[PDB]
Each structure stands twice: as C-alpha cells, then as structure tokens.
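So the structure is just underneath, and the comments pick up after that.
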Amino acid sequence: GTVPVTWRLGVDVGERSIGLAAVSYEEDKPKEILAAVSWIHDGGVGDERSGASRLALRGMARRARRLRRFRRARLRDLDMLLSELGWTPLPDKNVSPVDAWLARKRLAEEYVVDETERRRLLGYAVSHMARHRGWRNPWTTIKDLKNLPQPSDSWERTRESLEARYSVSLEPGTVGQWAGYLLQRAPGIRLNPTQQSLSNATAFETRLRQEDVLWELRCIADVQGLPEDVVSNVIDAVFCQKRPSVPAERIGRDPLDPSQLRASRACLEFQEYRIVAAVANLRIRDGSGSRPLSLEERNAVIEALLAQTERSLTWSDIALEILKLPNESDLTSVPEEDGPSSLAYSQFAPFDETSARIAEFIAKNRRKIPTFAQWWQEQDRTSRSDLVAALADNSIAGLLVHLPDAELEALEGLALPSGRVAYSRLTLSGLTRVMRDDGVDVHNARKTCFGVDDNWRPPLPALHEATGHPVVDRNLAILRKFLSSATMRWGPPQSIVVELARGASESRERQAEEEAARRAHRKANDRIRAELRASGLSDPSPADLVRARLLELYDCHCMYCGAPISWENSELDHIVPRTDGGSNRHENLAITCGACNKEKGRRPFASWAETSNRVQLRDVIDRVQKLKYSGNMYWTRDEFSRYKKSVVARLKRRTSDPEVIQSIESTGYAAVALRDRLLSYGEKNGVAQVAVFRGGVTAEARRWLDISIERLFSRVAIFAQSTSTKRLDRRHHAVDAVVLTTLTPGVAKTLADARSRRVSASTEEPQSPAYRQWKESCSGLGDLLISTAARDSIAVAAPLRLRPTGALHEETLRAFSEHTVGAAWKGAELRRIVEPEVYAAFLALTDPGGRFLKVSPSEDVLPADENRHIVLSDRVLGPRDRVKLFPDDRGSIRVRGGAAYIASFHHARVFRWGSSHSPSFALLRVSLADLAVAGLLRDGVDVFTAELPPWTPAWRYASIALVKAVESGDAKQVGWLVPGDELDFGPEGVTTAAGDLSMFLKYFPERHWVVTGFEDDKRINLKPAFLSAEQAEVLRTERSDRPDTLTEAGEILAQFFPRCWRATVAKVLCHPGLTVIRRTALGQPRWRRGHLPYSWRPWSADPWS
RNA sequence: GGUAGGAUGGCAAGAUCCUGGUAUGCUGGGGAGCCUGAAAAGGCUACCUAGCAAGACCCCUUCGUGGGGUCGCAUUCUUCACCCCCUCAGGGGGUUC
DNA sequence: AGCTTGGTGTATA
DNA sequence: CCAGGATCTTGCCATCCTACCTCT
DNA sequence: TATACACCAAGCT
Ligand SMILES: [Mg+2]
Ligand SMILES: [Mg+2]
Ligand SMILES: [Mg+2]
Ligand SMILES: [Mg+2]
Ligand SMILES: [Mg+2]
Ligand SMILES: [Mg+2]
Ligand SMILES: [Mg+2]
Ligand SMILES: [Mg+2]
Ligand SMILES: [Mg+2]
Ligand SMILES: [Mg+2]
C-alpha cells in the first residue's frame, strides 16, 4: 500500500541517539513532516558505570574462559609429565600452606639426598611454579624466554630491596626462596600488592616475570643435578603459551580486488609503492607553475630512495643533490606540513623500511643466519617479497625455503613494520609496475591497471552489513528500520542528507596553536622513536611513546609513590580508571610503580591517597605542578599548561564519576558508515543524491530559520543569563534531521562562512543567492515544526531489548547461610530457602493448599517446633538437620556451589485484579536468573508469558498483595514492561503528583515517561522521555560555579534528575488514559496486534491468551 | 577559483574490538602463624588448591553421575507469524497505525 | 502505615 | 595491568577524481 | 555528541 511522494531523509547520528526525519517536499519547499523521531539508544553500552559495551564485556568474559580452558589443559599436560618423571604434584588439600614455597626454597638451597623426598619436593615446586609462572611477552617463544636475562632487572631490584629491608642475603635469592623465608619469618605477609579498599607492607612490588621463574627453575635444576632433557621438557611444559593470532576475516579487503586481503606495511611491494607514489606526486617549479618530474628525474629520485640503508635523504637533499635543482624551494608539492626555517624541506623522504631492517638484522646476526644472508643476497625482489609476506603474515590464524630451524626461529623473531595498507600485494605490485613503466601517478595507474574510469569509487557496504562497532551498529539498525518503514509508506526518498561529525570553524590562533602542537608532537615522537629503536624496540606503540615521555618527564620515578622505576616494571595507570570510562588520552595516563598502581586499583585517586599511607595527594599535585616547561618537548607551552591542569583535575577527584571527556569518534564513524550504506541503498533504489553537511551548518541553519528548541517545545528557561542549548529537549535530534533535509551545498557554504565570522568575533543576516533561495523555500518550516510539536508528533522513542541474553546473575559468589528445621522460621528465612523442594515443602507447611509463599519478612511464621519433620521426595529432614539458605533476603540463585544475586530485571509482568472501575495492579519483576532457573532460556519460549515456578526469585520477592491475588484467582497478567518502554499519560498528564514531582510538573508537564527500572516490588522508575539527564547534570555541575545563575525551574530540574520519578506502581497504572506506547520505526505507535510489540492500555488490556 | 565529498601516501590525536597472558578478587575444599578459646571450635592475617556465568553440543568405554574436545553474556521488536538476503537447516535483515 | 527520600554495593587492574 | 594484531574516525600536508556555487 | 539500578534503611506527617 505504498503511496509515492517526493520526500527527503534526514539523518543526525549520535553517541546515544539518532534523529531521523522523512520530510515531504513540493519543488524545494518543505510540505509535510511525514515522520520525525529521536531514537535514544545505548550505544551498545552494558554496565553503565563503565563505558564498556556489551560486545566488549562478552569478549572479555570469553577470553577469560579461553584463558582458564588453556590453563586447565596446560596444567593437565604438566601433571602427565610429572607422573612420567615420578614427581608428586602438590595436593589439593591436607598440606601446609607453605609446603610449595619451602619446597622451592629447599631445592634452590640444598641438594636433597633422599630420592623420594627430592622427587616429591620437585613435583610440588614445579606444579606450583606452573600455577604461578609470572608474565612474559605472549608473542615471544620459549627460546626467546631462555634468551632473556635471568633473573630480570625487576627481580634484581626487588631482591636488593628485600635484602635492605630484612637485612639478610638469601643465595641465589630466588622468588620461591624469598617467599618461603618471608612467610616463615613474617607470618601473614602478602606477597603481591592488592586493592586497598588491615593494611601491611607486601613482600614484592613489581610484576613477576617468567625469566625470574625460569631462573629459579635453572637454580633448582643445578642444585639437584637434573638432566638437561628433563629440565627442557619441564620448561616447555611449565611456560607453554598459545601464540596470539589475527583472524584473517577481521583483516580488511582490497577495494580494487575484494578477494585479496589488504597488504601489511612490511611488504616490499608497499615500500616500493609508497616511494614511487610519493615521487610521482612531487612537482618542479616551471614558470610560475608546477610540472611533474620527468621520467629520468623520477627514476633517479626513486632509485636514490629505494637504495637507502638509512633514512638520511631529506626533501632538501632530493631537491639539491638528486634532482640538482638550483634552489631548495624549486621542488614544490612536498608532502609535508611546512614550518619555520623550511621544516617541510628538512623532513625525510620515505625509504624501504623492511629492506633496511632486514639488512640491519643480517649484518647484526651474521653468525646466526649465513644461509638466509646468502639467500637474501642471491634472490630477486619477487621472491624477497614472497618471503617477506610470509614473515608478515606469520601472525595470521589462517616458508618456501628448506631452512635450518634455528635460522627460521631467528628470522621469525625479527620485527618488521606492522599495520595494513589500503591495497593488496598484487595491486601494489601492478600499480607500481604501471607507475614506473609509465610516467604516471596512482590515479592513472589505477585507471590503466584495473580499467577504471575517472568516476571510480571503492565498493561500499550494504545497509544490512554491520561494522562491528557497537555505536555505529546501533545507529545503523535504527536507520535501516526507519528507512524500510519509510520506503514502504512513501517510496524511496528523493534525496538523503547525513550530518557528518566534522568542523573547521576555528580562530586563527586556535589553528596556529594546533599546527604548533602537531609540529611539537611529530618532533618529539621522532626523537623518542629514535631513542627507543636504539634501545632495541623496533616499532613503538602510542603507549610506548607515552611511557617513554612520562619516564623522561618524571625522571623514572613513580608519579604517585615517588619510587624509582624502569621501562620494564612501570605501569601506565588510567588516573580515571577504565571501569569509570577513563580514556586513553595521555592526560589520563600516569606512569606508576606497579605496586603503586595495584594499590590504587579502581578507586578514585584522592580517595585512595587519603586512605593510603604510601602516597600523599598534595605531594602528587605539587609534583605535577612543579613541572617546568623546557622549550624542546612534546607539548607546546599552552598544551603543557592544559595537560598539567587536566592531570591535576583527574588526581583531585574523590567519588566514582564518569569520564569528563566525550569522544566524538563513534559519532564520526557512525555518520561516515551510515553515509556509505545510504549511498549503497540509493544506488539500489535510484535516489538522486546522498548529501552530507557538518553539524555547525545544522546549528547555523537552525539559528537563521528562527528554530529555537525552547520556543518550539514551550520550554521554560533554566538559566538566569542567556538561553539554554538544544540539549534540554531530546526532540532536538529529530528537529536537526528535519533542518538537514533543507540544506543545499551553496547555503551550507554561506552558513559556514557566517559561522566562521561569528566564531572569530549584531548579528548580520547572510547575503547569497543560495541563502536567499533557501530562506524563501524554508519560510514555512518554522510553522510546520510548531504544528508538528503541537500535535505531539515528534516522537522520542527507546528501542526495546526483548532478548533474554546477558548476565544471568551478579558475579560475586556468596556463602550460604544455614537454619535448623526445629527452630522458629520468620518470613525472610522461609523466603531465603535455597532448594526448590525444601522451599515448596516449607510453603506447604505454612499454607497447605497454597502454591505460593505469602509471608511478611518480619512475622514469626513457624514456631520452634522441636518435632518438625519434612519428608522430601528422596529423603527426610528431621529437626536437627540444617537447611541451606541464601545469605540475604533478596532475589538470589544457586551458582557453582555458592549464591549469586540476580542481575538487573529483564522485564516486569503486569498483573491486574479487582473491579473494572478501580483495578489493582502489581508487577512481577523477572530477571534473567528467573528464566534460567525456570528452564526458559531455550528454543520456542515466549519469556514474557511463560509460567515461572513459585520458587523463582520473581515469585519469592513479588509483593504480598500480588501473591494473594494470584492465588485467589483474581490477578491476571495483562501485559509486560521492559526497561525503555514508553508510558504516555495522555493530554490529562500526571495527576498523582506528591512532593517534588508536583514542583517538577509545574514547570515541566511531561506526559511521556520512560521505564528505567523496577527498584522494589511496589515501584517503577520513570524518567521523562523528552528531557535529557545530561542537561540537568551539567546544571548540577555549573551550580557550584556561579551564584544563582539557574532559574528556579532549572534548580527543580537539577534536583529531580537523575533519580527522577521513583513511582508507586499502583499510583501509575491507576491513571485512566495511561497507555504503554510501543512505537514503530517511524515513531508512530503500534496499535494493531500483529507479531511485533503493540501499544496497550493497562486499564482495559485483556488477560494474556 | 572557492566550498564540499571521495582516493592514495605521510604526520598528529583518539575511538572500537580481537588474540594471548599476568596478578588480585569471590566461593568451595584446606592450613602456616597468631588470637580468642579448650573437659566447650571458631575467628583474623596470609598462603595452597579447585572452580569462576546457569549451561549446550560431540566423542568416550581400559563403563561412568565421570574423562576429553568445541563452545556459551555481541548482532536491542524474545518466542511465534509473514516477507527478504547469504550460506546447508544455520546465520542475518525488515514488518508501515 | 505506607509512600518520600537518601545512601550504597556492584569483580578488577 | 602487559604485548600486539585488526577495523575505523578527526585534523593537517601532498596528489588525483567528482559536484556545486559565485564574481569577472 | 553520552554517561544506574536494585536493596536497605530512616523518615515526618
Ligand atoms: Mg548532530
Ligand atoms: Mg594460563
Ligand atoms: Mg601464572
Ligand atoms: Mg599476593
Ligand atoms: Mg590503574
Ligand atoms: Mg543529534
Ligand atoms: Mg587466588
Ligand atoms: Mg593464595
Ligand atoms: Mg565451566
Ligand atoms: Mg528479530
């Protein structure tokens, strides 16, 4: 039943939102707002305290499971080896707590003459070592571990610290020796530092390394006289570790050849391609204009750059010595950002990094690889590229030379450049061949080699294809639902408009400062890269650069604790921790002393420093604040000042708060990816154009069409001075999308110019033909938006999570309690009974014909009957037997021999009883644990209606009135509520207001509310749908900054959020005209009952069929 | 020309996962020291050991309430229903008020 | 006596 | 916390291609 | 361009 019309799609992506608009147009004027909805999503986020997505939490849990599985297999293999050697592994019980440690100590100290005792001690020591083997680089092998210095420098520092601390020198001073000695000498000592939430000093400060444990194993072997084959087998069994792997399907594809993976940066084809392309983009000044390099010129430059052992040829060197130009500046189009004193000409041209590193490794390891050195000298570039590609792809989860195994291991240990380039190896070789044989650049080489035209673009993903990024996937799912529904309603759009998260309206001072910052970062990164490569670190990561920078900035001292640190034992602390959403920006990164980081844990810094006697908050603040800016460092002067301020602000925080920095990076990815998929849709559906505009253009357009969100949605002012932003009303996303449907490139030019002139500061109206035509076309848009807002047509909707997947229970296992049969049983004790059969039989004792337990938690339900017996289906419990109880009177399930609290509620089942004119309502709050122990997490189960047994936590902790009404036959399930369901109270609004809710509804008469949770058995948590919690939170922040700049309405909003309406269920569902609104993708409520969730009124909803 | 978009390379700042590890933590089983107690058993500080979503599927086998292998918290309208796409009944997608 | 509000634990680095 | 692999974004520089707009 | 919920306790009419 599609009714075709000319309409435009507007897409405004966001981190936790997306505004979508279908706006029908006659000629170029907006005619009708067909749909306007702000969809509020979670951005993929689970466990809202941290910003960690559900995907990230699933990956972390899966990898913990994989770690534990591999550990079980590895310890089983070690157990088989120990049985082969006749060495007794450490028993699970009835041994001394220091048996393994004293075994390690004695085997390191003295030869054990008794052979049976010696083998028992060896088995104890080796099994315990494999349980506690310390850390090594996962990419390194057993030979690499054996080649590491033994023991590590960290253990030598630890050992001299312990020798000074305890005034004794154990010889040779192994980890097992020191731990056994300290557990005997200072009983109750902790070995490794833990979270400090009483508090004594630990034995060790830094992370244990596998070369320390290996050195202890060698010491034990030398003292006990063990054979070398036995020691080798024990080393390979103890220190066995799975190689990290890269799944090939997560590698991107070549756009010019989609059957081929993208090539690595190590590839010789890429090195030559990069050199040739960079040379082909160079230009020579020829008569107030530029010409490309001649064939001999580019051949000379390319051979000079390819035949380089070291990066020593600058662009000035290429201009002066290779091209023999009269002037340094005669070479134009140098691919560098220029600076003072010809910085761009002093930068280095590209070279062959793989060939240079392989030549250095051949020259440095001549004795190790004579066969490979001769093979590399003999063989040409194609076979060199084949072997280099094999070494680059060795890390992929899915060598053409009969080489010795030691040589093969050595050249598998060589670090080549990492990272994927845009094109495959085949494409790079073909483009390089065309570029060198002809005199052409990459574009003409692409046209020649692949037969593409000047209009060619790389292939785009389709709408149904996810990216794997959770924010982007949320935005994409909502957009594709909206577009499918809108195409069925009105046909394909004439044009699609996407807002990109880009902006360039900055002052000249800001652009100059950013350029200076880029220059300083590049110079210091190059210096630090050179130093780290001189320290045997081929490719420093950004974390490596930050680590070296902070080690130089604080002169190798723990930032918090002041203790001396090295590269090996230091840690990079998130000052705001990861479980608080803390970013990896370097103002959140502190270099720490290992123990110092672990003792901080996940607590905020000022609270931890107040509790701890290791650090002082003021000492850390003065240490950060006395940093003196040297002229030649990574930061500029203003960047250094901002960095110190940000670090001090992160150190000063006392309560667990989220990260203050909002990253726009997910929003930009969502905009770009959704644009690409909308382009694919438009190619499949004949859409005229997918246009893109920046968000500053959208803001400017709203400014010059007199589109004020507060006037549009009748919002009282919240600030004393100025006007509040659009962030107060969530409908602004949809309004942005509507405004985006009006934009043209010329008027975007005009509005961007107006924005740049205004930000470099009344005011003056823009003047341009595009601007005048756009004002004439969009004169009525304000009236359309006022009428649409007056009809309550701009929906704010949250998508529902109906799948019963996620955390089945809370992660903390808890000890069970006990209670004797013959004692007196209160209501809470009967409600906490673990076993369903014992709970059901006690239920039948308290109420014989009953199927539910209706107890008040404080009433004394059963007296102390000394002769009470329960006859189970398989046993009889007398009065002396203990009944296992859950530790607390809250919903809990039995998991793995312990008790776990239920997780958050998946849904609530709405039950209604009483008369039709005054019905009573209650919620059966249902969690994932309820469906798990009910057997409802299986195929073919409607989880919202499938019957739950009475011993589930849902029915145990349902309200007493609900339990009585369900057993009396009066209460029936008439619907269900999930978090994110919309409660629309109608035009009559909320009438049961009492207290602060009345004061809130005085200024904000909100009729649309979002179910956020079910905090107890009688209550539902409702926040207003249209009002944003972030506006009220930044109000609460800014209230402590300026005197009384908030309006009374803004203050009442600030006190209302974030707890909002903690509402009684019987007061909410007793509203006549209240409806539970389940919207379609277009924001329209679903009232027809099909196979999707539909709207329903709790007053007159039918009992469930 | 200017703006905008897209390519490739470089640089800078970040985001998102993925693989492999470490150390704690929790619970069960222990116990080295100390303390409270003992004709009257538990705590505290550590350390050892097992497990760390409930569970699902496949094979044992020198026949068992276990041994082994691969997995299980993402893809937000579960399940059902209809339609679509890619893979042989698996996965993904849409369903207009 | 029953709804109004305030504090707090939750696996982590 | 650690190493390190993959995907992507924003900003700047160089080159190539596209569409679009506005003053001589 | 974003950032809790479920449990436990007080608490003035
Ligand atoms: Mg926007
Ligand atoms: Mg392991
Ligand atoms: Mg270990
Ligand atoms: Mg320890
Ligand atoms: Mg930390
Ligand atoms: Mg928006
Ligand atoms: Mg432990
Ligand atoms: Mg231990
Ligand atoms: Mg398991
Ligand atoms: Mg579905």
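Note that these values count all heavy atoms, side chains included, but never hydrogens, waters or copies made by symmetry. Here is how names work: the chains are called A, B, and so on, in the same order as the sequence lines, proteins then strands, and each is numbered from 1.
- Using a 90° window around 0 for the glycosidic torsion, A39(B) falls inside it and is classed as syn.
- Contact annotation for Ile275(A): no contact, since no heavy-atom pair falls under 4.0 Å across all strands.
- Checking side-chain atoms of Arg283(A) against main-chain N and O of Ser290(A) turns up no donor-acceptor pair under 3.5 Å.
- Taken together, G14(B) and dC8(D) do not constitute a Watson-Crick or G-U wobble pair, since the relevant N/O distances do not both lie under 3.5 Å.
- With rounding to the nearest 0.5 angstrom, the CD atom of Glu15(A) is 12.5 Å from the CZ atom of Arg474(A).
- A distance-only check finds a donor-acceptor pair linking the side chain of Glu465(A) to the backbone of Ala462(A) [under 3.5 Å].
- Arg65(A) contributes a side-chain N or O that forms a donor-acceptor pair with the base of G72(B) under 3.5 Å.
- Nucleotide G28(B) is annotated as unpaired relative to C80(B) [Watson-Crick or G-U wobble, both distances under 3.5 Å].
- Under a 4.0 Å N-O distance rule, the pair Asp573(A)/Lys600(A) qualifies as a salt bridge.
- Taking side-chain N and O atoms only, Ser418(A) has a distance below 4.0 Å to OP1 or OP2 of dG5(D).
- Between the side chain of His1091(A) and the base of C80(B) there is at least one donor-acceptor pair of N/O atoms closer than 3.5 Å.
- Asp942(A) contributes a side-chain N or O that forms a donor-acceptor pair with the base of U78(B) under 3.5 Å.
- At the phosphate of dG4(D), OP1 or OP2 sits under 4.0 Å from a side-chain N or O atom of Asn137(A).
- The OG atom of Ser484(A) sits 13.0 Å away from the NE2 atom of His464(A) when rounded to the nearest 0.5 Å.
- Residue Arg480(A) contributes atom CZ, which lies 9 Å from atom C1' of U75(B) at whole-angstrom precision.
- Between chain A and DNA chain C, the heavy-atom contact criterion of under 4.0 Å yields a 5' to 3' nucleotide range of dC3(C) to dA13(C).
- Picking from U24(B), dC5(E), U19(B) the nucleotide with the shortest atom distance to the side chain of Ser904(A) gives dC5(E).
- Listed pair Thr202(A) / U24(B) fails the phosphate criterion, with no side-chain N or O lying under 4.0 Å from OP1 or OP2.
- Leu67(A) comes within 4.0 angstrom of a nucleotide base, judged by non-hydrogen atoms across all strands.
- Checking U3(B) for Watson-Crick or G-U wobble geometry (two distances, each under 3.5 Å) identifies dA19(D) as its partner.
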>> Pair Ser541(A), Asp544(A) - check side-chain hydrogen bond (donor to acceptor under 3.5 Å, both in side chains), show working.
In response: CA-CA 5 Å; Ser541(A) 64; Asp544(A) 288 325; 2.9 Å; yes
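- The residue among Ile251(A) and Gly668(A) whose nearest nucleotide of DNA chain D lies closer to the 5′ end is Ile251(A).
- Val421(A) comes within contact range of the sugar-phosphate backbone alone, with a heavy-atom separation under 4.0 Å but no base atom that close.
- Groove atoms closer than 5.0 angstrom to the side chain of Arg69(A) belong exclusively to the major groove.
- Contact annotation for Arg207(A): base contact, defined as any heavy-atom pair under 4.0 Å involving a base atom.
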> Checking ring-ring contact (aromatic ring centres under 6.0 Å, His included) for the pair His128(A)/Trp101(A): CA distance, chi angles, key distance, verdict?
Replying inline: CA-CA 8 Å; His128(A) 181 260; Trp101(A) 288 119; 4.5 Å; yes
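- The cationic group of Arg814(A) lies under 6.0 Å from the six-membered ring centre of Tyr901(A) and within 45° of the ring axis, placing it in a cation-pi geometry.
- Looking at heavy-atom distances under 4.0 Å, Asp12(A) makes contact with sugar-phosphate atoms alone, never a base.
- Residue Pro458(A) is classed as a sugar-phosphate contact, given heavy-atom separations below 4.0 Å to backbone atoms only.
- Heavy atoms of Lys242(A) sit under 4.0 angstrom from primed sugar atoms or phosphate atoms, though from no base atom.
- With centres closer than 5.5 angstrom and planes tilted by less than 30 degrees, the six-membered rings of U78(B) and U79(B) count as a stacked pair.
- Looking at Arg896(A), its side chain has no donor and acceptor atom pair within 3.5 Å of the base of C52(B).
- Of the two grooves, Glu665(A) contacts the minor one, by the criterion of a side-chain heavy atom less than 5.0 Å from a groove atom.
- Under the 3.5 Å cutoff applied to both distances, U70(B) and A74(B) fail to qualify as a Watson-Crick or G-U wobble pair.
- Here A7(B) is not matched with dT15(D) as a Watson-Crick or G-U wobble partner, both contacts being required under 3.5 Å.
- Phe1014(A) and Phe905(A) have perpendicular rings, their planes meeting at more than 60° on a 0 to 90° scale where under 30° would count as parallel.
- At distances below 3.5 Å, not a single donor-acceptor pair connects side-chain atoms of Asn525(A) with backbone N or O atoms of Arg522(A).
- Residue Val452(A) is out of contact with every strand shown, counting any heavy-atom pair closer than 4.0 Å.
- When the side-chain nitrogen and oxygen atoms of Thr667(A) are compared with OP1 and OP2 of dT9(D), none of them lie within a distance under 4.0 Å.
- Here the closest heavy-atom approach between residue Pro255(A) and residue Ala422(A) is recorded as CD-O, 3.4 Å.
- Here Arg262(A) lies in heavy-atom contact (under 4.0 Å) with sugar-phosphate atoms only.
- Sugar pucker of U24(B) is north, as judged by a positive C1'-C2'-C3'-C4' dihedral.
- For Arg136(A) against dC2(D), a side-chain-to-base donor-acceptor contact under 3.5 Å is absent.
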> Just the dot-bracket of DNA chain C, please: which string comes out with Watson-Crick or G-U pairs under 3.5 Å, [ ] for crossing, | for another strand?
Replying inline: ..|||||||||||
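- Looking only at atom types and distance, the side chain of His574(A) has a donor-acceptor partner in the side chain of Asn584(A) under 3.5 Å away.
- A distance-only check finds no donor-acceptor pair linking the side chain of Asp441(A) to the backbone of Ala277(A) [under 3.5 Å].
- With a 6.0 Å cutoff to the six-membered ring centre and a 45° limit on the axis angle, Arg925(A) does not count as a cation-pi contact of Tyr957(A).
- Ring to ring, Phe944(A) and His907(A) are close: their centroids are under 6.0 angstrom apart.
- In this model, the phosphate group of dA3(D) is approached by a side-chain N or O of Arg547(A) to a distance below 4.0 Å at OP1 or OP2.
- Under a 3.5 Å limit on both donor-acceptor distances, the bases of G55(B) and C71(B) meet the Watson-Crick or G-U wobble criterion.
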> Going 5' to 3' along nucleotides 11-24 of chain D, which nucleotides have protein heavy atoms under 4.0 Å from the base (write B), which only from the sugar-phosphate (write S), and which from neither (write -)?
Replying inline: BSBSSSBS-SSS--
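- Contacts of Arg675(A) with the nucleic acid, taken as non-hydrogen atoms under 4.0 Å apart, involve only primed sugar atoms and P, OP1 or OP2.
- With a 5.5 Å centre cut-off and a 30° plane cut-off, the bases of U62(B) and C63(B) come out unstacked.
- Within 4.0 Å (heavy atoms only), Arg16(A) reaches sugar-phosphate atoms of the nucleic acid but no base atom.
- At a threshold of 4.0 angstrom between heavy atoms, the contacts of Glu1015(A) include nucleobase atoms, whether or not backbone atoms are also involved.
- Under the 3.5 Å cutoff applied to both distances, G9(B) and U27(B) fail to qualify as a Watson-Crick or G-U wobble pair.
- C18(B) and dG4(D) make up a base pair, with Watson-Crick or G-U wobble contacts both under 3.5 Å.
- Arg803(A) contributes no side-chain N or O that forms a donor-acceptor pair with the base of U78(B) under 3.5 Å.
- Distances were taken from every side-chain heavy atom of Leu55(A) (C-beta onward) to each of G51(B), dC1(D), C17(B); the shortest belongs to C17(B).
- Using a 4.0 Å cut-off between a side-chain N of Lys or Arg and a carboxylate O of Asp or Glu, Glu571(A) and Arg207(A) qualify as a salt bridge.
- Base stacking of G69(B) on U70(B): present (ring centres under 5.5 Å, plane angle under 30°).
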